[PDB]
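Quick heads-up: the structure tokens below are two forms of one chain, split into structure 1 and structure 2.
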Structure 1
């Protein structure tokens, strides 16, 4: 399957810092028909970023509404995103589940809205440190995936992201062994509930303190198809992470 590398800039950037960063990104020579590279800038930065980035790079937004067009002040609907030809959306990111009270119900409704409007979605899930120490990792992960897996119709348009909460922006990356185990179990869940062909074509990425030093060993794992990169994507060295996947 095609490897996938996503840059989640989260809530960072200025018009100038983005110009400098996109410049470095554009210098990397890579074939978009062999590797997917998506950049997710802040909403108000979308037009600026899409313009500066070369067409080989795909772009998207960090969140989308579970509602349609209407009286929902502050939200961006899937219909609006499609009108702008925004290709991807991130759904269920830990930070939205944590600081904001997004639940599995919100995740499934947002995915349904996205697929309905032909948007490609990057869906995140993962267990907290407390759940891991209680050995509930697989139980929690299974519940989270089952909350929306039946909605997936085209397995090339939905990308799964295993995000252990304890590894997000902390510097404590999951070891290749740890991640591989979880990814293998996730694909088995998909295989058994959706089908083997489907399971083998869906990308399952790892997210959580991925950097230029550990990316190579992680992507080498049989069931890790790429990554969702946070803080490391705000640096010019991010290009080396992309290189590890080509």
Structure 2
């Protein structure tokens, strides 16, 4: 399984800043045929980033519409993402599940639009603090996954990401092994709703806080196939994280 290393710049950046960060990322010489590296900039920051990052790097956008083209002010569609050659899309990131009310229903509609236009989706999920304290993890992750897992046609064009929300700001932090458990559990869920084969080929990323100190300790985990890094990806040392996957 090809390790997956994604950079989620979220809503951050300035022309000059990306210039620096990208020029930095370029220095690391990696073989994309062995490893996948994806940086997701800000909608309006896309064309800037793409023309700065050497092709070895892959790029997507942090979001896609649930509708096709038409009267949907403020929305970018998979239709457009395609004609613009954007290769990946993040869907269901908890930050949009929270501040914007996106739902499983929406994530399904979004996953479907993307695959129909040949986009590659990086779909996210993960139980909450309260949900975990109710020993309802496996349960939630199943309801979540089973909400779109049926739409995947080619298990190399859809990337799963686990977001341990139960830690998102509480001093807490999933141990490289605690994450590992949920992971292997996600995959099982995949096995029994798609087939032993499928699950052994779909990549499942970690979503918790990632960085230089734990990256290698994480990727090394049995069922963690890389990660969707947040703030650590806005610093030039991010190259160190990519390495841990080389």
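Only residues modelled in both forms are compared. C-alpha atoms forming the largest set that superposes within 1.5 Å between two forms make up the rigid core. Positions refer to the first chain, counted from 1.
Only one of 116, 172, 146, 98 has its Cα shifted by 2 Å or more between the two structures after fitting on the core, and that residue is 172. Here residue 133 exhibits a Cα shift of 1.1 Å between the two structures, evaluated on the superposed rigid core. Moving regions between the two structures, defined as 3+ consecutive residues each with a CA shift of at least 2 Å after core superposition, come down to one: 166 to 173.
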